[PDB]
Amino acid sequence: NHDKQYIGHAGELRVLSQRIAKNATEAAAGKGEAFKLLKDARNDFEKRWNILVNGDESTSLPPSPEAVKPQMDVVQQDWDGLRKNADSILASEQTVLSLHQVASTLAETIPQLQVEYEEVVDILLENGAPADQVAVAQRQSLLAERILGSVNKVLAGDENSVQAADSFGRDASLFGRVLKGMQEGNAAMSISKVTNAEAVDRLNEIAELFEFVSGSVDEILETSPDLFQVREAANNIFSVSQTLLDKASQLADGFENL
């Protein structure tokens, strides 16, 4: 029978749109499995949609008549928006992955960079130093923690993700400035050079650790707006799919009416 094919394939397009929305909102959170499950769901949706519009050769299903053209006229308008913004998500797979990976790397480097600075502070207290140097080392210890929190704020896909990315970049710039002003002798902001030897060795370790932070600033700055766009596209997919569920229900009930 042929009508059963139309009705069942519309009822399955329902679940297809639902799973497309679910996989999109999962992949927006940096889960590489949903990134491919979404492609599978999108391809299945396109297959069923094409065999509902053009007709299936395997089952010899005739093309849909003109009596369903008005209904079928709207679902495509809700699929054109679902498919395209889906491709975008796919087109930004690896990029969105890179962030979610490199952030997960920073999440382990910034703490040890931070606490090490703490032990620098203590050194400058157990060896004697002006209060300015101790306070500046404390400012660095807290700037590192703010950088870590900024990385966490970037992994949300919100309007504050790009703000926290630029904040991360500028805080890392300030961190490098103060770090090399403490390691060497500069005249920028009255940055006194550290005289202690153990403190200087720990600062060398801190600089070798901050290497991986000062190199990933450009990557995060260049890739975080793409993550925000992926999150916005996922929200759009969810809304348009919730509407397309009702549209396809109306389509299937119009099929059952005939």
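When you see a residue number, it is the position in the sequence shown, counting from 1.
- For the two regions 220-228 and 190-198, the entry's Cα B-factors average higher over 190-198.
- 210-218 and 52-60 differ in mean CA B-factor, and the higher of the two is recorded for 52-60.
- Per the PDB entry, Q163 shows the highest C-alpha temperature factor of the residues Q163, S88, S141, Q101.
- Across the options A131, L124, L155, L179, the residue with the most elevated CA B-factor in the record is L155.
- Placement of the Cα temperature factor of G149 within the chain: middle third of the modelled residues, per the deposited record.
- When the CA B factors of the chain's modelled residues are split into thirds, the value for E116 lands in the lowest one.
- When all modelled residues of the chain are sorted by CA temperature factor, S173 is found within the lowest third.
- Ranked by Cα temperature factor within the chain, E205 sits in the lowest third according to the deposited record.
- In this PDB entry, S17 carries a Cα temperature factor that places it within the lowest third of its chain's modelled residues.
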